[PDB]
Amino acid sequence: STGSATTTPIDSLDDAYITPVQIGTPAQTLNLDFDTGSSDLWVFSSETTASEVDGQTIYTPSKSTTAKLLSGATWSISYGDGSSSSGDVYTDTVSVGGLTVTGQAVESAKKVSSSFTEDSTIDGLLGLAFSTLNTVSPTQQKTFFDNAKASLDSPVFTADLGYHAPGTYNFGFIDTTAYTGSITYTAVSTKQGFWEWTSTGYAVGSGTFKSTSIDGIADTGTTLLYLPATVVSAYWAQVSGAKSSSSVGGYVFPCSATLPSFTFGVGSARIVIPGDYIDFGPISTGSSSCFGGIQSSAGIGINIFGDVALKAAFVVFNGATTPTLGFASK
Ligand SMILES: NCc1cccc(NC(=O)c2ccc(F)cc2)c1
């Protein structure tokens, strides 16, 4: 089998991407944030504290003839960005772009943190990291990809995120029309439960490439590119007036600037992030200070190849016995 679904930016900045997911019988379609950095499929629901729902579409298990309470199971997740959610668990039929999994754990939120409530466009998350990170207790549950894997034509999914435009998540096949050149594959460590890999270096604009190993995760659920402070300083030093602002929470730059590109290495290959992808717009409405899309990972504890980086590539998440990642230009 295969599946193919379009993923759409939630706003004009590409702050996140939403993909429609069918849950239950008859189907209830929720728009979920596909997150290769976590491993829980959780949804706003009829059980979510009413004061914490503000415009989201909810899953109502009582209206699904295939929903079954997973008795005794609870979940609770705290994401690296400070957001969190928790609740109980149903199993139900879940379909993405025509690919169906029966008996998928659908984690129903009873509580969500304010950042989820405030984002009316995101009805939940669909985790695509390794199932070892799934938070369901006392019986850990599998991700949608892990449940589908054996049925897929090939044990892979691909992320093709757009810049200020829709893109695609494919399951079970590699669309050879979706990228240019060849796909360069690179090794993955699953020891922390992430799609963790090592970039071979970087360049800033037209500058020379610096060969240096940068360990980090391929995370479709993180908006920006978080890299070591040395790398980030070298980037922003090429932008007149850019500075790190403790009051804003990262690097800002004059909105009048034209940003340089940023290149990262995948083996001997190179992915180029155009400068425009690094502009996240005014820090507050009407400001002439703009927020940078490349930020320091100092204090996060891990480097994160988030959407800013991934949207510059066609990315293969290869879930073969030994997982690997593939990157192609597009
Ligand atoms: N998408 C799941 C996932 C996995 C690992 C790390 C994070 N994110 C962070 O740690 C983070 C912290 C501070 C920031 F400003 C931005 C991101 C998220």
# chains A, B, ... in the order shown; residues from 1 in each chain; ligands from 1

call {"tool": "residues_near_ligand", "arguments": {"ligand": "ligand 1", "cutoff": "8 Å", "atoms": "only C-alpha atoms and all ligand atoms", "output": "PyMOL selection string"}}
result
chain A and resi 35-38+79-82+194+217+219-224+226+297+300-302+304

call {"tool": "select_by_dssp", "arguments": {"residues": "segment 239-303 of chain A", "states": "strand (DSSP E)", "output": "PyMOL selection string"}}
result
chain A and resi 243-245+250-254+262-266+269-273+279-282+289-292+294-296+303

call {"tool": "write_last_selection", "arguments": {"atoms": "C-alpha atoms", "output": "short mmCIF file (atom, residue, chain, number, x, y, z; two decimals), in the first residue's frame"}}
result
data_model
loop_
_atom_site.label_atom_id
_atom_site.label_comp_id
_atom_site.auth_asym_id
_atom_site.auth_seq_id
_atom_site.Cartn_x
_atom_site.Cartn_y
_atom_site.Cartn_z
CA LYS A 243 22.22 40.87 16.69
CA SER A 244 21.18 38.42 19.35
CA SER A 245 18.46 39.95 21.52
CA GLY A 250 17.17 35.15 19.63
CA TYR A 251 18.75 36.73 16.61
CA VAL A 252 16.92 39.63 15.01
CA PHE A 253 17.89 41.57 11.91
CA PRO A 254 16.74 44.72 10.11
CA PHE A 262 22.79 28.93 4.20
CA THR A 263 24.14 25.60 2.94
CA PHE A 264 24.34 22.40 4.96
CA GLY A 265 26.18 19.22 4.07
CA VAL A 266 24.70 15.74 3.66
CA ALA A 269 26.14 16.64 -1.11
CA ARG A 270 24.91 20.15 -0.28
CA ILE A 271 21.43 21.51 0.45
CA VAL A 272 21.03 25.28 -0.06
CA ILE A 273 18.50 27.18 2.03
CA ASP A 279 13.07 35.61 7.26
CA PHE A 280 10.35 35.16 9.90
CA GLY A 281 9.11 38.73 9.69
CA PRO A 282 8.58 41.51 12.20
CA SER A 289 13.14 44.32 13.53
CA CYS A 290 12.66 40.89 11.97
CA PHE A 291 13.11 37.48 13.55
CA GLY A 292 15.75 35.13 12.18
CA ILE A 294 18.48 30.30 12.09
CA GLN A 295 18.90 30.35 15.88
CA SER A 296 21.31 28.98 18.45
CA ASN A 303 20.66 20.72 17.16
#

call {"tool": "residues_around", "arguments": {"residues": "residue 95 of chain A", "least_positions_apart": "4", "cutoff": "7 Å", "atoms": "only C-alpha atoms", "output": "PDB file with N, CA and C atoms, in the first residue's frame"}}
result
ATOM      1  N   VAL A  21      -6.227  14.353   8.278  1.00  0.00           N
ATOM      2  CA  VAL A  21      -6.185  12.970   8.731  1.00  0.00           C
ATOM      3  C   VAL A  21      -7.611  12.541   9.032  1.00  0.00           C
ATOM      4  N   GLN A  22      -8.013  11.389   8.507  1.00  0.00           N
ATOM      5  CA  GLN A  22      -9.334  10.837   8.777  1.00  0.00           C
ATOM      6  C   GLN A  22      -9.264   9.896   9.977  1.00  0.00           C
ATOM      7  N   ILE A  23     -10.117  10.136  10.969  1.00  0.00           N
ATOM      8  CA  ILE A  23     -10.153   9.322  12.179  1.00  0.00           C
ATOM      9  C   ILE A  23     -11.577   8.830  12.408  1.00  0.00           C
ATOM     10  N   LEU A  99      -4.033   5.840   2.933  1.00  0.00           N
ATOM     11  CA  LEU A  99      -3.392   4.739   3.647  1.00  0.00           C
ATOM     12  C   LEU A  99      -4.078   4.593   4.997  1.00  0.00           C
ATOM     13  N   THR A 100      -4.575   3.393   5.291  1.00  0.00           N
ATOM     14  CA  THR A 100      -5.404   3.165   6.471  1.00  0.00           C
ATOM     15  C   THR A 100      -4.700   2.233   7.443  1.00  0.00           C
ATOM     16  N   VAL A 101      -4.734   2.597   8.724  1.00  0.00           N
ATOM     17  CA  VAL A 101      -4.301   1.750   9.825  1.00  0.00           C
ATOM     18  C   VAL A 101      -5.513   1.518  10.714  1.00  0.00           C
TER      19      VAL A 101
END

call {"tool": "atom_distance", "arguments": {"atom1": "atom CA of residue 173 of chain A", "atom2": "atom CA of residue 161 of chain A"}}
result
16.3 Å

call {"tool": "closest_residue", "arguments": {"among": "A:59, A:305, A:327, A:34", "to": "residue 125 of chain A", "atoms": "only C-alpha atoms"}}
result
A:34

call {"tool": "atom_distance", "arguments": {"atom1": "atom CA of residue 76 of chain A", "atom2": "atom CA of residue 215 of chain A"}}
result
27.5 Å

call {"tool": "residues_around", "arguments": {"residues": "residue 163 of chain A", "least_positions_apart": "4", "cutoff": "12 Å", "atoms": "only C-alpha atoms", "output": "ChimeraX atom specification"}}
result
/A:7-17,167-168,223,273-280,307-313,330

call {"tool": "closest_residue", "arguments": {"among": "A:246, A:184, A:108, A:31", "to": "residue 136 of chain A", "atoms": "only C-alpha atoms"}}
result
A:108

call {"tool": "closest_residue", "arguments": {"among": "A:247, A:114, A:141, A:78", "to": "residue 90 of chain A", "atoms": "only C-alpha atoms"}}
result
A:141

call {"tool": "closest_residue", "arguments": {"among": "A:83, A:143, A:256, A:2", "to": "residue 40 of chain A", "atoms": "only C-alpha atoms"}}
result
A:143

call {"tool": "residues_around", "arguments": {"residues": "residue 103 of chain A", "least_positions_apart": "6", "cutoff": "7 Å", "atoms": "only C-alpha atoms", "output": "ChimeraX atom specification"}}
result
/A:91-93

call {"tool": "closest_residue", "arguments": {"among": "A:154, A:131, A:198, A:29", "to": "residue 1 of chain A", "atoms": "only C-alpha atoms"}}
result
A:154

call {"tool": "closest_residue", "arguments": {"among": "A:240, A:288, A:19, A:186", "to": "residue 122 of chain A", "atoms": "only C-alpha atoms"}}
result
A:19
